[PDB]
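Containing compact mmCIF, N, CA, C and O atoms: work-v1.txt.
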# COMPACT_ATOMS: atom_id res chain seq x y z
N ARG A 118 16.35 10.31 -33.74
CA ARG A 118 16.34 8.89 -34.07
C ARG A 118 17.27 8.10 -33.16
O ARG A 118 16.86 7.10 -32.56
N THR A 119 18.54 8.51 -33.06
CA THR A 119 19.48 7.79 -32.22
C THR A 119 19.08 7.84 -30.76
O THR A 119 19.40 6.92 -29.99
N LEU A 120 18.39 8.90 -30.34
CA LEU A 120 17.90 9.06 -28.97
C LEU A 120 16.38 9.09 -29.01
O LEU A 120 15.77 10.17 -29.04
N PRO A 121 15.72 7.93 -29.01
CA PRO A 121 14.26 7.93 -28.88
C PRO A 121 13.84 8.45 -27.52
O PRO A 121 14.70 8.81 -26.70
N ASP A 122 12.54 8.54 -27.27
CA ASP A 122 11.96 9.06 -26.03
C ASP A 122 12.55 10.42 -25.64
O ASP A 122 12.54 10.79 -24.47
N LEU A 123 13.07 11.16 -26.62
CA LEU A 123 13.49 12.54 -26.40
C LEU A 123 12.37 13.52 -26.71
O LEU A 123 12.23 14.53 -26.03
N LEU A 124 11.58 13.23 -27.73
CA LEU A 124 10.46 14.06 -28.13
C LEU A 124 9.35 14.12 -27.09
O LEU A 124 8.72 15.18 -26.94
N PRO A 125 9.04 13.04 -26.36
CA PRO A 125 8.00 13.15 -25.32
C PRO A 125 8.26 14.23 -24.28
O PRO A 125 7.32 14.92 -23.87
N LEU A 126 9.50 14.39 -23.83
CA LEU A 126 9.80 15.44 -22.86
C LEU A 126 9.50 16.82 -23.43
O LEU A 126 8.87 17.66 -22.78
N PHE A 127 9.95 17.06 -24.66
CA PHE A 127 9.68 18.34 -25.30
C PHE A 127 8.18 18.57 -25.46
O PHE A 127 7.70 19.69 -25.29
N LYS A 128 7.43 17.51 -25.75
CA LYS A 128 5.98 17.67 -25.85
C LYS A 128 5.38 18.04 -24.50
O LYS A 128 4.45 18.86 -24.43
N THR A 129 5.89 17.44 -23.42
CA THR A 129 5.42 17.80 -22.09
C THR A 129 5.71 19.26 -21.79
O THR A 129 4.94 19.91 -21.06
N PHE A 130 6.80 19.80 -22.33
CA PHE A 130 7.07 21.22 -22.14
C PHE A 130 6.32 22.11 -23.12
O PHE A 130 6.24 23.32 -22.90
N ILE A 131 5.77 21.55 -24.20
CA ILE A 131 5.23 22.36 -25.29
C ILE A 131 3.71 22.49 -25.22
O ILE A 131 3.15 23.52 -25.63
N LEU A 132 3.02 21.49 -24.70
CA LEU A 132 1.55 21.60 -24.72
C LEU A 132 0.99 22.66 -23.76
O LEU A 132 0.05 23.40 -24.12
N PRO A 133 1.51 22.78 -22.54
CA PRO A 133 1.11 23.93 -21.71
C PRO A 133 1.34 25.25 -22.40
O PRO A 133 0.65 26.24 -22.10
N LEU A 134 2.30 25.31 -23.33
CA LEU A 134 2.46 26.51 -24.14
C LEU A 134 1.23 26.76 -24.99
O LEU A 134 0.83 27.91 -25.19
N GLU A 135 0.60 25.69 -25.49
CA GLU A 135 -0.65 25.85 -26.21
C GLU A 135 -1.72 26.45 -25.31
O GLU A 135 -2.43 27.39 -25.71
N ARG A 136 -1.85 25.93 -24.09
CA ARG A 136 -2.84 26.51 -23.18
C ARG A 136 -2.56 27.98 -22.90
O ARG A 136 -3.48 28.82 -22.92
N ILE A 137 -1.30 28.32 -22.65
CA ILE A 137 -0.93 29.71 -22.36
C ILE A 137 -1.27 30.61 -23.54
O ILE A 137 -1.89 31.67 -23.38
N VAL A 138 -0.87 30.20 -24.74
CA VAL A 138 -1.12 31.02 -25.92
C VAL A 138 -2.61 31.24 -26.12
O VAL A 138 -3.04 32.32 -26.52
N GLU A 139 -3.42 30.22 -25.83
CA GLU A 139 -4.86 30.45 -25.86
C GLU A 139 -5.26 31.49 -24.83
O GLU A 139 -6.15 32.31 -25.08
N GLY A 140 -4.60 31.49 -23.68
CA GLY A 140 -4.90 32.49 -22.66
C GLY A 140 -4.10 33.78 -22.79
O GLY A 140 -4.01 34.55 -21.83
N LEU A 141 -3.53 34.03 -23.96
CA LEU A 141 -2.62 35.16 -24.16
C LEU A 141 -3.32 36.43 -24.66
O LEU A 141 -2.63 37.40 -24.98
N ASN A 142 -4.65 36.45 -24.73
CA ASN A 142 -5.35 37.64 -25.19
C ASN A 142 -5.65 38.62 -24.07
O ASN A 142 -6.44 39.55 -24.27
N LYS A 143 -5.05 38.43 -22.90
CA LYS A 143 -5.22 39.33 -21.78
C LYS A 143 -3.99 39.22 -20.89
O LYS A 143 -3.16 38.33 -21.06
N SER A 144 -3.89 40.13 -19.93
CA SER A 144 -2.75 40.13 -19.01
C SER A 144 -2.83 38.90 -18.12
O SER A 144 -3.66 38.83 -17.21
N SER A 145 -1.96 37.91 -18.38
CA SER A 145 -2.05 36.65 -17.65
C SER A 145 -0.69 36.06 -17.30
O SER A 145 -0.60 34.85 -17.06
N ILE A 146 0.37 36.86 -17.26
CA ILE A 146 1.70 36.38 -16.91
C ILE A 146 2.12 37.06 -15.61
O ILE A 146 3.29 37.44 -15.43
N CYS A 147 1.16 37.26 -14.71
CA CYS A 147 1.41 38.02 -13.50
C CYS A 147 2.46 37.37 -12.62
O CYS A 147 3.25 38.06 -11.97
N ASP A 148 2.50 36.04 -12.57
CA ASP A 148 3.36 35.32 -11.65
C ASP A 148 4.66 34.90 -12.34
O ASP A 148 4.77 34.89 -13.57
N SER A 149 5.65 34.54 -11.52
CA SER A 149 6.94 34.12 -12.06
C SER A 149 6.93 32.67 -12.52
O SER A 149 7.70 32.30 -13.41
N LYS A 150 6.07 31.83 -11.94
CA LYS A 150 5.96 30.46 -12.43
C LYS A 150 5.36 30.42 -13.83
O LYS A 150 5.76 29.59 -14.66
N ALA A 151 4.42 31.32 -14.11
CA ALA A 151 3.87 31.41 -15.46
C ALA A 151 4.95 31.81 -16.46
O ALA A 151 5.06 31.23 -17.55
N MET A 152 5.76 32.81 -16.10
CA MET A 152 6.85 33.22 -16.97
C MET A 152 7.84 32.09 -17.18
O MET A 152 8.35 31.90 -18.29
N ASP A 153 8.14 31.33 -16.13
CA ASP A 153 9.08 30.23 -16.27
C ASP A 153 8.53 29.15 -17.19
O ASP A 153 9.27 28.63 -18.04
N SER A 154 7.26 28.80 -17.05
CA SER A 154 6.67 27.81 -17.94
C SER A 154 6.67 28.30 -19.39
O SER A 154 6.97 27.53 -20.31
N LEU A 155 6.36 29.58 -19.60
CA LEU A 155 6.38 30.13 -20.95
C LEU A 155 7.78 30.07 -21.56
O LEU A 155 7.94 29.70 -22.73
N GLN A 156 8.80 30.42 -20.78
CA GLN A 156 10.16 30.41 -21.31
C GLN A 156 10.63 28.99 -21.59
O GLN A 156 11.34 28.75 -22.57
N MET A 157 10.26 28.04 -20.73
CA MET A 157 10.61 26.65 -21.00
C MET A 157 9.95 26.17 -22.29
O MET A 157 10.58 25.47 -23.09
N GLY A 158 8.69 26.54 -22.50
CA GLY A 158 8.04 26.19 -23.75
C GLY A 158 8.73 26.77 -24.96
O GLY A 158 8.93 26.08 -25.96
N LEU A 159 9.12 28.04 -24.89
CA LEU A 159 9.80 28.66 -26.02
C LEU A 159 11.14 27.99 -26.30
O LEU A 159 11.51 27.76 -27.46
N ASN A 160 11.89 27.65 -25.24
CA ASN A 160 13.17 26.98 -25.44
C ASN A 160 12.99 25.61 -26.06
O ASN A 160 13.74 25.22 -26.97
N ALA A 161 12.01 24.84 -25.59
CA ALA A 161 11.76 23.53 -26.17
C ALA A 161 11.33 23.65 -27.63
O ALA A 161 11.72 22.82 -28.47
N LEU A 162 10.55 24.67 -27.95
CA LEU A 162 10.13 24.87 -29.34
C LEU A 162 11.31 25.20 -30.23
O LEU A 162 11.41 24.68 -31.35
N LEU A 163 12.22 26.05 -29.76
CA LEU A 163 13.40 26.36 -30.57
C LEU A 163 14.27 25.13 -30.75
O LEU A 163 14.83 24.92 -31.83
N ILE A 164 14.41 24.32 -29.71
CA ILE A 164 15.18 23.08 -29.83
C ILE A 164 14.55 22.18 -30.90
O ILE A 164 15.25 21.61 -31.74
N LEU A 165 13.23 22.04 -30.86
CA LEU A 165 12.55 21.21 -31.85
C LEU A 165 12.79 21.73 -33.25
O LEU A 165 13.00 20.94 -34.17
N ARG A 166 12.74 23.04 -33.45
CA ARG A 166 12.96 23.59 -34.78
C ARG A 166 14.39 23.33 -35.26
O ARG A 166 14.61 22.87 -36.40
N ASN A 167 15.37 23.57 -34.39
CA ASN A 167 16.76 23.33 -34.76
C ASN A 167 16.99 21.87 -35.12
O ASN A 167 17.75 21.57 -36.04
N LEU A 168 16.33 20.95 -34.42
CA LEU A 168 16.47 19.55 -34.78
C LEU A 168 15.75 19.24 -36.08
O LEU A 168 16.27 18.50 -36.92
N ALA A 169 14.55 19.80 -36.26
CA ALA A 169 13.80 19.61 -37.49
C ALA A 169 14.56 20.08 -38.71
O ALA A 169 14.20 19.71 -39.83
N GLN A 170 15.60 20.89 -38.53
CA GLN A 170 16.44 21.20 -39.68
C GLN A 170 17.20 19.99 -40.23
O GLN A 170 17.99 20.17 -41.16
N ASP A 171 17.01 18.79 -39.69
CA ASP A 171 17.67 17.58 -40.17
C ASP A 171 16.65 16.56 -40.64
O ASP A 171 15.48 16.59 -40.26
N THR A 172 17.11 15.62 -41.48
CA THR A 172 16.20 14.71 -42.15
C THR A 172 15.58 13.70 -41.18
O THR A 172 14.36 13.54 -41.14
N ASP A 173 16.42 13.00 -40.41
CA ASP A 173 15.89 11.99 -39.49
C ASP A 173 14.98 12.61 -38.45
O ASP A 173 13.91 12.07 -38.14
N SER A 174 15.38 13.76 -37.89
CA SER A 174 14.58 14.39 -36.86
C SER A 174 13.23 14.85 -37.40
O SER A 174 12.20 14.69 -36.74
N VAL A 175 13.21 15.41 -38.61
CA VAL A 175 11.93 15.86 -39.15
C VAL A 175 11.07 14.67 -39.55
O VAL A 175 9.84 14.73 -39.47
N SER B 293 20.94 28.12 -38.58
CA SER B 293 20.69 28.61 -39.93
C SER B 293 19.90 27.59 -40.73
O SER B 293 20.18 26.39 -40.70
N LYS B 294 18.91 28.08 -41.47
CA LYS B 294 18.01 27.21 -42.21
C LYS B 294 18.74 26.53 -43.36
O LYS B 294 19.62 27.12 -44.00
N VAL B 295 18.37 25.29 -43.62
CA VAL B 295 18.83 24.56 -44.80
C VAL B 295 17.87 24.88 -45.93
O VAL B 295 16.69 24.52 -45.89
N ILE B 296 18.37 25.59 -46.95
CA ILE B 296 17.48 26.13 -47.97
C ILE B 296 16.93 25.03 -48.86
O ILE B 296 15.76 25.07 -49.26
N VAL B 297 17.75 24.03 -49.18
CA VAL B 297 17.33 22.96 -50.08
C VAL B 297 17.51 21.61 -49.40
O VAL B 297 18.61 21.04 -49.43
N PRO B 298 16.47 21.07 -48.78
CA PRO B 298 16.59 19.73 -48.18
C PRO B 298 16.73 18.66 -49.25
O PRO B 298 16.45 18.87 -50.43
N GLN B 299 17.19 17.49 -48.81
CA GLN B 299 17.43 16.39 -49.73
C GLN B 299 16.13 15.84 -50.29
O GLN B 299 15.98 15.66 -51.51
N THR B 300 15.16 15.55 -49.41
CA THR B 300 13.91 14.95 -49.86
C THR B 300 13.13 15.91 -50.76
O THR B 300 12.48 15.47 -51.72
N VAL B 301 13.19 17.21 -50.47
CA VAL B 301 12.49 18.19 -51.30
C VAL B 301 13.06 18.18 -52.72
O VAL B 301 12.32 18.14 -53.70
N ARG B 302 14.39 18.25 -52.83
CA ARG B 302 15.03 18.22 -54.14
C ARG B 302 14.73 16.93 -54.88
O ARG B 302 14.45 16.93 -56.08
N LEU B 303 14.76 15.80 -54.16
CA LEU B 303 14.47 14.51 -54.79
C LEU B 303 13.05 14.48 -55.33
O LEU B 303 12.81 14.03 -56.46
N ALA B 304 12.08 14.95 -54.53
CA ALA B 304 10.69 14.94 -54.97
C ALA B 304 10.47 15.88 -56.14
O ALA B 304 9.72 15.56 -57.07
N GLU B 305 11.12 17.05 -56.12
CA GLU B 305 11.02 17.98 -57.24
C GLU B 305 11.54 17.34 -58.52
O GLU B 305 10.87 17.37 -59.56
N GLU B 306 12.74 16.76 -58.47
CA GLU B 306 13.30 16.11 -59.65
C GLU B 306 12.41 14.98 -60.13
O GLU B 306 12.18 14.83 -61.34
N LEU B 307 11.89 14.17 -59.21
CA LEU B 307 11.05 13.04 -59.60
C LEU B 307 9.77 13.52 -60.28
O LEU B 307 9.38 12.99 -61.33
N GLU B 308 9.11 14.52 -59.71
CA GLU B 308 7.87 15.02 -60.30
C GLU B 308 8.12 15.65 -61.67
O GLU B 308 7.34 15.45 -62.61
N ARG B 309 9.21 16.42 -61.80
CA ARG B 309 9.50 17.05 -63.08
C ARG B 309 9.82 16.02 -64.14
O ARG B 309 9.37 16.14 -65.29
N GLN B 310 10.58 14.98 -63.78
CA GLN B 310 10.86 13.91 -64.74
C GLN B 310 9.59 13.16 -65.12
O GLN B 310 9.40 12.80 -66.29
N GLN B 311 8.70 12.93 -64.15
CA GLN B 311 7.44 12.26 -64.45
C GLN B 311 6.60 13.07 -65.43
O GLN B 311 6.03 12.52 -66.38
N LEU B 312 6.50 14.38 -65.21
CA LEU B 312 5.69 15.21 -66.10
C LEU B 312 6.33 15.33 -67.48
O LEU B 312 5.63 15.36 -68.49
N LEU B 313 7.67 15.37 -67.54
CA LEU B 313 8.33 15.38 -68.84
C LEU B 313 8.07 14.08 -69.59
O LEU B 313 7.82 14.10 -70.81
N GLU B 314 8.11 12.95 -68.89
CA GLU B 314 7.80 11.67 -69.54
C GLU B 314 6.35 11.63 -70.00
O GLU B 314 6.05 11.08 -71.07
N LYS B 315 5.43 12.19 -69.21
CA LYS B 315 4.04 12.26 -69.63
C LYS B 315 3.89 13.09 -70.90
O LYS B 315 3.13 12.73 -71.80
N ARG B 316 4.61 14.21 -70.98
CA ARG B 316 4.57 15.03 -72.19
C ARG B 316 5.17 14.29 -73.38
O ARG B 316 4.71 14.48 -74.51
N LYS B 317 6.20 13.47 -73.15
CA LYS B 317 6.77 12.69 -74.23
C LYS B 317 5.74 11.75 -74.86
O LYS B 317 5.81 11.47 -76.06
N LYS B 318 4.80 11.26 -74.06
CA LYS B 318 3.75 10.37 -74.56
C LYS B 318 2.85 11.09 -75.56
O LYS B 318 1.87 11.73 -75.18
In structure tokens, how does this file's structure come out?
Amino acid sequence: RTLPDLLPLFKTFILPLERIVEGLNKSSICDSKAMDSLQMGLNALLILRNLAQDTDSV
Amino acid sequence: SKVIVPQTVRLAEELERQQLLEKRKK
């Protein structure tokens, strides 16, 4: 709340995670850029959850 | 660490229980 336009960045890091997870039923993390995008998505998701533990953020 | 009992959840629980108790009083 105090910092608006913070959630859009996390969404930009989180939606490619949706695409990856859809593509996760086979070996598809061959490259290091794929691994980096996946890890960035996981970190943004954990940040979102930790913030959602509060009333204004949720 | 997870917050087991949020404020809004507790408030809504109390409100609903009081509403149903008042309905039973009728």
Report as a Markdown table: every residue of chain A with an atom at most 8 Å from chain B, its closest pair of atoms, and their distance in Å to one decimal, counting all atoms listed in the file, with rows sorted by chain and ascending residue number.
| residue | atom | partner | partner_atom | distance |
| --- | --- | --- | --- | --- |
| A:166 | O | B:293 | O | 7.9 |
| A:167 | O | B:293 | O | 7.1 |
| A:169 | O | B:295 | N | 7.9 |
| A:170 | O | B:295 | N | 5.7 |
| A:171 | N | B:295 | N | 7.7 |
| A:172 | CA | B:299 | N | 7.3 |
How would you write, as an mmCIF file with N, CA, C and O atoms, keeping the file's coordinate frame, the set of residues in chain A that DSSP gives as alpha helix (DSSP H)?
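Printed below is part.cif as written:
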data_model
loop_
_atom_site.group_PDB
_atom_site.id
_atom_site.type_symbol
_atom_site.label_atom_id
_atom_site.label_comp_id
_atom_site.auth_asym_id
_atom_site.auth_seq_id
_atom_site.Cartn_x
_atom_site.Cartn_y
_atom_site.Cartn_z
ATOM 1 N N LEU A 124 11.580 13.230 -27.730
ATOM 2 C CA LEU A 124 10.460 14.060 -28.130
ATOM 3 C C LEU A 124 9.350 14.120 -27.090
ATOM 4 O O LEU A 124 8.720 15.180 -26.940
ATOM 5 N N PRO A 125 9.040 13.040 -26.360
ATOM 6 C CA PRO A 125 8.000 13.150 -25.320
ATOM 7 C C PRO A 125 8.260 14.230 -24.280
ATOM 8 O O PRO A 125 7.320 14.920 -23.870
ATOM 9 N N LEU A 126 9.500 14.390 -23.830
ATOM 10 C CA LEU A 126 9.800 15.440 -22.860
ATOM 11 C C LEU A 126 9.500 16.820 -23.430
ATOM 12 O O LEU A 126 8.870 17.660 -22.780
ATOM 13 N N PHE A 127 9.950 17.060 -24.660
ATOM 14 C CA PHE A 127 9.680 18.340 -25.300
ATOM 15 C C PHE A 127 8.180 18.570 -25.460
ATOM 16 O O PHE A 127 7.700 19.690 -25.290
ATOM 17 N N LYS A 128 7.430 17.510 -25.750
ATOM 18 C CA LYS A 128 5.980 17.670 -25.850
ATOM 19 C C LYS A 128 5.380 18.040 -24.500
ATOM 20 O O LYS A 128 4.450 18.860 -24.430
ATOM 21 N N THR A 129 5.890 17.440 -23.420
ATOM 22 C CA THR A 129 5.420 17.800 -22.090
ATOM 23 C C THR A 129 5.710 19.260 -21.790
ATOM 24 O O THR A 129 4.940 19.910 -21.060
ATOM 25 N N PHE A 130 6.800 19.800 -22.330
ATOM 26 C CA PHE A 130 7.070 21.220 -22.140
ATOM 27 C C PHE A 130 6.320 22.110 -23.120
ATOM 28 O O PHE A 130 6.240 23.320 -22.900
ATOM 29 N N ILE A 131 5.770 21.550 -24.200
ATOM 30 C CA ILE A 131 5.230 22.360 -25.290
ATOM 31 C C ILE A 131 3.710 22.490 -25.220
ATOM 32 O O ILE A 131 3.150 23.520 -25.630
ATOM 33 N N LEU A 132 3.020 21.490 -24.700
ATOM 34 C CA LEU A 132 1.550 21.600 -24.720
ATOM 35 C C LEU A 132 0.990 22.660 -23.760
ATOM 36 O O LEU A 132 0.050 23.400 -24.120
ATOM 37 N N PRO A 133 1.510 22.780 -22.540
ATOM 38 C CA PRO A 133 1.110 23.930 -21.710
ATOM 39 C C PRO A 133 1.340 25.250 -22.400
ATOM 40 O O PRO A 133 0.650 26.240 -22.100
ATOM 41 N N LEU A 134 2.300 25.310 -23.330
ATOM 42 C CA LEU A 134 2.460 26.510 -24.140
ATOM 43 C C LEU A 134 1.230 26.760 -24.990
ATOM 44 O O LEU A 134 0.830 27.910 -25.190
ATOM 45 N N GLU A 135 0.600 25.690 -25.490
ATOM 46 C CA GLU A 135 -0.650 25.850 -26.210
ATOM 47 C C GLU A 135 -1.720 26.450 -25.310
ATOM 48 O O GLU A 135 -2.430 27.390 -25.710
ATOM 49 N N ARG A 136 -1.850 25.930 -24.090
ATOM 50 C CA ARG A 136 -2.840 26.510 -23.180
ATOM 51 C C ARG A 136 -2.560 27.980 -22.900
ATOM 52 O O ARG A 136 -3.480 28.820 -22.920
ATOM 53 N N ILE A 137 -1.300 28.320 -22.650
ATOM 54 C CA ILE A 137 -0.930 29.710 -22.360
ATOM 55 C C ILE A 137 -1.270 30.610 -23.540
ATOM 56 O O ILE A 137 -1.890 31.670 -23.380
ATOM 57 N N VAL A 138 -0.870 30.200 -24.740
ATOM 58 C CA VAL A 138 -1.120 31.020 -25.920
ATOM 59 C C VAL A 138 -2.610 31.240 -26.120
ATOM 60 O O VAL A 138 -3.040 32.320 -26.520
ATOM 61 N N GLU A 139 -3.420 30.220 -25.830
ATOM 62 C CA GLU A 139 -4.860 30.450 -25.860
ATOM 63 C C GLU A 139 -5.260 31.490 -24.830
ATOM 64 O O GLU A 139 -6.150 32.310 -25.080
ATOM 65 N N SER A 149 5.650 34.540 -11.520
ATOM 66 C CA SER A 149 6.940 34.120 -12.060
ATOM 67 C C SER A 149 6.930 32.670 -12.520
ATOM 68 O O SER A 149 7.700 32.300 -13.410
ATOM 69 N N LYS A 150 6.070 31.830 -11.940
ATOM 70 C CA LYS A 150 5.960 30.460 -12.430
ATOM 71 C C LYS A 150 5.360 30.420 -13.830
ATOM 72 O O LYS A 150 5.760 29.590 -14.660
ATOM 73 N N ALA A 151 4.420 31.320 -14.110
ATOM 74 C CA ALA A 151 3.870 31.410 -15.460
ATOM 75 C C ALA A 151 4.950 31.810 -16.460
ATOM 76 O O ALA A 151 5.060 31.230 -17.550
ATOM 77 N N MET A 152 5.760 32.810 -16.100
ATOM 78 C CA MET A 152 6.850 33.220 -16.970
ATOM 79 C C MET A 152 7.840 32.090 -17.180
ATOM 80 O O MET A 152 8.350 31.900 -18.290
ATOM 81 N N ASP A 153 8.140 31.330 -16.130
ATOM 82 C CA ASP A 153 9.080 30.230 -16.270
ATOM 83 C C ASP A 153 8.530 29.150 -17.190
ATOM 84 O O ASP A 153 9.270 28.630 -18.040
ATOM 85 N N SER A 154 7.260 28.800 -17.050
ATOM 86 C CA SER A 154 6.670 27.810 -17.940
ATOM 87 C C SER A 154 6.670 28.300 -19.390
ATOM 88 O O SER A 154 6.970 27.530 -20.310
ATOM 89 N N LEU A 155 6.360 29.580 -19.600
ATOM 90 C CA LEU A 155 6.380 30.130 -20.950
ATOM 91 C C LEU A 155 7.780 30.070 -21.560
ATOM 92 O O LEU A 155 7.940 29.700 -22.730
ATOM 93 N N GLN A 156 8.800 30.420 -20.780
ATOM 94 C CA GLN A 156 10.160 30.410 -21.310
ATOM 95 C C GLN A 156 10.630 28.990 -21.590
ATOM 96 O O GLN A 156 11.340 28.750 -22.570
ATOM 97 N N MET A 157 10.260 28.040 -20.730
ATOM 98 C CA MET A 157 10.610 26.650 -21.000
ATOM 99 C C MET A 157 9.950 26.170 -22.290
ATOM 100 O O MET A 157 10.580 25.470 -23.090
ATOM 101 N N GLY A 158 8.690 26.540 -22.500
ATOM 102 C CA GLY A 158 8.040 26.190 -23.750
ATOM 103 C C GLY A 158 8.730 26.770 -24.960
ATOM 104 O O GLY A 158 8.930 26.080 -25.960
ATOM 105 N N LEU A 159 9.120 28.040 -24.890
ATOM 106 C CA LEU A 159 9.800 28.660 -26.020
ATOM 107 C C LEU A 159 11.140 27.990 -26.300
ATOM 108 O O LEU A 159 11.510 27.760 -27.460
ATOM 109 N N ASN A 160 11.890 27.650 -25.240
ATOM 110 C CA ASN A 160 13.170 26.980 -25.440
ATOM 111 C C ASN A 160 12.990 25.610 -26.060
ATOM 112 O O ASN A 160 13.740 25.220 -26.970
ATOM 113 N N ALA A 161 12.010 24.840 -25.590
ATOM 114 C CA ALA A 161 11.760 23.530 -26.170
ATOM 115 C C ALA A 161 11.330 23.650 -27.630
ATOM 116 O O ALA A 161 11.720 22.820 -28.470
ATOM 117 N N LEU A 162 10.550 24.670 -27.950
ATOM 118 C CA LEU A 162 10.130 24.870 -29.340
ATOM 119 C C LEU A 162 11.310 25.200 -30.230
ATOM 120 O O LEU A 162 11.410 24.680 -31.350
ATOM 121 N N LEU A 163 12.220 26.050 -29.760
ATOM 122 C CA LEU A 163 13.400 26.360 -30.570
ATOM 123 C C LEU A 163 14.270 25.130 -30.750
ATOM 124 O O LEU A 163 14.830 24.920 -31.830
ATOM 125 N N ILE A 164 14.410 24.320 -29.710
ATOM 126 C CA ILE A 164 15.180 23.080 -29.830
ATOM 127 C C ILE A 164 14.550 22.180 -30.900
ATOM 128 O O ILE A 164 15.250 21.610 -31.740
ATOM 129 N N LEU A 165 13.230 22.040 -30.860
ATOM 130 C CA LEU A 165 12.550 21.210 -31.850
ATOM 131 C C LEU A 165 12.790 21.730 -33.250
ATOM 132 O O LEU A 165 13.000 20.940 -34.170
ATOM 133 N N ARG A 166 12.740 23.040 -33.450
ATOM 134 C CA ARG A 166 12.960 23.590 -34.780
ATOM 135 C C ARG A 166 14.390 23.330 -35.260
ATOM 136 O O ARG A 166 14.610 22.870 -36.400
ATOM 137 N N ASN A 167 15.370 23.570 -34.390
ATOM 138 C CA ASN A 167 16.760 23.330 -34.760
ATOM 139 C C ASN A 167 16.990 21.870 -35.120
ATOM 140 O O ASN A 167 17.750 21.570 -36.040
ATOM 141 N N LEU A 168 16.330 20.950 -34.420
ATOM 142 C CA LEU A 168 16.470 19.550 -34.780
ATOM 143 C C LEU A 168 15.750 19.240 -36.080
ATOM 144 O O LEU A 168 16.270 18.500 -36.920
ATOM 145 N N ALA A 169 14.550 19.800 -36.260
ATOM 146 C CA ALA A 169 13.800 19.610 -37.490
ATOM 147 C C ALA A 169 14.560 20.080 -38.710
ATOM 148 O O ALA A 169 14.200 19.710 -39.830
#
Separation of atom C of residue 158 in chain A from atom C of residue 130 in chain A in Å:
5.6 Å
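Interatomic distance, atom O of residue 156 in chain A against atom N of residue 131 in chain A: 9.2 Å.
Pairwise distance (CA of residue 155 in chain A, CA of residue 134 in chain A) equals 6.2 Å.
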